[PDB]
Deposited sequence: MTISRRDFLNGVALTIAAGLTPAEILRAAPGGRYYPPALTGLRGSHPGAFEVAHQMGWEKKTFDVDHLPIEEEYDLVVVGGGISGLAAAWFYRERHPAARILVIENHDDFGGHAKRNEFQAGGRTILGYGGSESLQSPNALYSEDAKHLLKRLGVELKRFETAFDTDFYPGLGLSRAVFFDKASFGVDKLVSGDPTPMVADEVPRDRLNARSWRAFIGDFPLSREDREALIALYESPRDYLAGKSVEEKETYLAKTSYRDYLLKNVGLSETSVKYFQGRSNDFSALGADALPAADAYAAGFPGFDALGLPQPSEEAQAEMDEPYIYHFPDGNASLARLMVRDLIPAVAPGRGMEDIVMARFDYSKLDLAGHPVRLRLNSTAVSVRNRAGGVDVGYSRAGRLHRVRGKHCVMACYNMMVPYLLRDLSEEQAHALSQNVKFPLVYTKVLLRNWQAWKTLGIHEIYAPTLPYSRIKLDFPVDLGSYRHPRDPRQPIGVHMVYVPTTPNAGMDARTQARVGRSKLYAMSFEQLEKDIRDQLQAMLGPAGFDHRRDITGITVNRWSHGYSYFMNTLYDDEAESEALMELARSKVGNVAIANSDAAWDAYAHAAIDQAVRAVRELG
């Protein structure tokens, strides 16, 4: 059966998904299709099967109820970053998210159009109050820990009771099972001097920018990295700051050397409490991060696919989607008004005679179809290789959206008694390849029940970002170089890092990686987060101009994807699709 969610191993941007895109991007090979007969006609052709491209098709059909719509997508599954991973453990299914993790502060951030999409799909945000088992890990006495590595700190050491508040936090602050900073930092494998300095950072904040007005402070915190701020203004040693190096890897796709100090201040990082800075923004920082389908935001993609192509799965609503069986052979049936064609790379888009000719490549062979309208919902940096009408200024704009690589790894564990024995549900590793390691969010929804028994299997989620810290690289270059590091890495080398890290962190409490790991799925997102304007390297006014230029409509071709908003969130993918549809 054709069913990508059950596949393990090397996933995300799997082999087969990207070779045609690279012939265009790397070798500059062109696949012209204007010499081939038009095979199919549509009202709308959408390039890209992620949340944006599915939303584009969904709102377009809301406006044109009878529309015929083709969605071309080059992965072997729909959803883009929002993928569903599966494990089989002990006779039951254990679900995980391939990428797009949760709905980010949705009561604060979700536009009225996005809320409308969710309601029409039957997603009720308030349901997650009971679905997300918020007190599960805390009520077991579990806390978050930090893992220091031998190479950077002299010794391997796991220190728990971390009180560090996070930006997107699913744990109520009262339930951290955490210790005081003095007690927590006291266990850090650092010289006594370093420890006192870190403790003082918390116990005795000072105006490390005294003499500058508030405006000069805000300017300086914009053009100074967080790591430099701690080195030059707080005075921490080069060994102390390493503790902070990877904290921002997941939420920003880069480390503390590329994190603007002002952005660290907004994310709740330590060091600013006595600066006199001003403090809406806090309605978002404080919303609980509980809006998590058991396969992450893949549920959004799956709800949209079922709503657009009802033959694919039965059901309606957020409860039954979780375990709905999707028939991939029904996604692309002829005559059917909405068709989703996977394993196809769009290669050519061209306005003509009031419609859009679109070429794509599938199993090595070229095809040509027509639509009345086209929405580019692919990676914006791909659009110039496809869209033949672009001015050279607009193609250059689109090229500047250099996305960030990230690797979301799912690991099936035979049991989690080593986690229980160490009192932990989540680890931060300041310098290791994997900077976030955790037992998965405990969510019960539909017929799916989150794993509860420490003797029985559970899924672990861990994040690996191929940063090059402290090299003097701007953000775009760290993103490119990170992708080149991922390209040189086999699956065998990706697995060694997974097993080496789990062994060093969990080994002491009896972990054996060969014996205890019963599954690995690596979601390799070489092209992950959209670029976002970074005040350490970019100018706000030039970047905004470039952004709007890049998403400008071209005839009957509109530009969607979260890339168009320079904003890597599912609600931007939705809002940019909505803008694309209203334009046509």
* Asked: Can you list the gaps, in order, where the deposited sequence has no modelled residues?
  -> 1 to 32, 312 to 314, 620
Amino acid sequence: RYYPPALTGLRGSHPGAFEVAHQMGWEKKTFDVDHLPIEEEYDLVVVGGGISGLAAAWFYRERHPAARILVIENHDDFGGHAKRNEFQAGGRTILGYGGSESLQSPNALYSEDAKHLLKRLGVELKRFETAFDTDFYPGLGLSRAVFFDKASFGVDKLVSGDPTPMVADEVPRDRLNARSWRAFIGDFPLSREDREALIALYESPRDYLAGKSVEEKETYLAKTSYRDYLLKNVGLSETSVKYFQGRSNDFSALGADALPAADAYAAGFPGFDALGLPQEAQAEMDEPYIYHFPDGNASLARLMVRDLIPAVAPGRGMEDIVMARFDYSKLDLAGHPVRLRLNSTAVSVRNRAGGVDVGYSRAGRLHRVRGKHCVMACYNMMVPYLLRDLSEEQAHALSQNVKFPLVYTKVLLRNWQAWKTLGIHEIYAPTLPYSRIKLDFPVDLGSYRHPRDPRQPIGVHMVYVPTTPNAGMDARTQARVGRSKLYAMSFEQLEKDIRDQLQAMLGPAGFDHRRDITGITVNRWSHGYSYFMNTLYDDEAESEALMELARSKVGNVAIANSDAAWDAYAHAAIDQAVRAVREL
From here on, numbers count along this sequence of modelled residues.
* Residue range whose averaged C-alpha B-factor is higher in the record, 376 to 384 or 328 to 336 -> 328 to 336
* Structure fact -> Assert higher mean C-alpha B factor (27 to 35 or 54 to 62, deposited values) equals 27 to 35
* **Most elevated Cα B-factor in the entry, residues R368, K438, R247, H116** => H116
* To do: From the list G459, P163, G472, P314, select the residue with the highest C-alpha B factor recorded in the entry.
  => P314
* **Third assignment of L109 from its chain's C-alpha B-factors** => highest
* Structure fact -> Binned into thirds over the chain's modelled residues, the C-alpha B-factor of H75 lands in the middle
* To do: Could you say whether, by C-alpha temperature factor, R551 belongs to the lowest, middle or highest third of its chain?
  => middle
* **CA B-factor placement of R195, once the chain's modelled residues are sorted into thirds** => highest
* Asked: According to the PDB entry, is the CA B factor of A89 in the bottom, middle or top third of its chain, that is, lowest, middle or highest?
  -> highest
